[PDB]
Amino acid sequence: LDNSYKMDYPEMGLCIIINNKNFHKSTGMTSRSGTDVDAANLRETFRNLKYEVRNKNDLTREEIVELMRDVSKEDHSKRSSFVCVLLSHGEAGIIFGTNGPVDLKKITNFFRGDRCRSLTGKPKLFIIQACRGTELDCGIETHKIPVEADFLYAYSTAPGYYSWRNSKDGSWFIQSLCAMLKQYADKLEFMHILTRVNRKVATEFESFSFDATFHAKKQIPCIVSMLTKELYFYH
């Protein structure tokens, strides 16, 4: 059978990590304290999964687009997959460069099946730690293929909600993601790993704030899958 992506190419693939911590004063966006902890954790976690990791810090929206364009124009024929990690401010459908916003659609389109042929039929993973709006979760006590196929978006939070980051320990989502990848990459299919990430973020984290509006809030991550096969990081 062929229910799983071929992951035994000579290379696992690129892991591009865009780490935006400091923003242009004119944007009025706050510094993302704790994001370096996230970036270092993802670097180490994906290095051990045998990805070629490229860390990028504090990119403008222009730099983000050009980087994605360039990476998409690379020959990935010897690569099993592609991973892109986005750490920034955001809103619905949007990620922030240091000087202003970027359509998530614009970035991901570069990797469409018809636009990056050396990635066609291969899993393209986008991992996004950024807000998707301003809602807060109060909680409750207990032969052609489509050009959009083979994408997976691991969002940190539900549609329309804030996403939480701790200035000391890093973002809830990324710390949980890394720990689950470390413990389970040699054992579970990726969807099942991300379900455990969901549970850990949902159960183990709750906000502490002096501001009643922001206190005692919860978060649930959002897996969006257009994959056509099971994904195992091992072979």
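Counting begins at 1, following the sequence as shown.
In terms of unmodelled positions of the deposited sequence, the stretch from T142 to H143 in this entry skips 10 or more residues. In this crystal structure, the stretch out of 181-189 and 40-48 whose C-alpha atoms carry the higher mean B factor is 181-189. The mean C-alpha temperature factor is higher for 71-79 when 71-79 and 153-161 are set side by side. In the PDB entry, the Cα temperature factor peaks, among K168, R32, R199, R61, at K168. Per the PDB record, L104 has a higher Cα B-factor than any other of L86, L119, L104, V147. When the modelled residues of the chain are ordered by C-alpha B-factor, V224 sits in the highest third. Per-chain ranking of the deposited C-alpha B factor places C138 in the highest third. Per-chain ranking of the deposited C-alpha B factor places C131 in the highest third. The PDB entry assigns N57 a C-alpha temperature factor belonging to the highest third of its chain's modelled residues.
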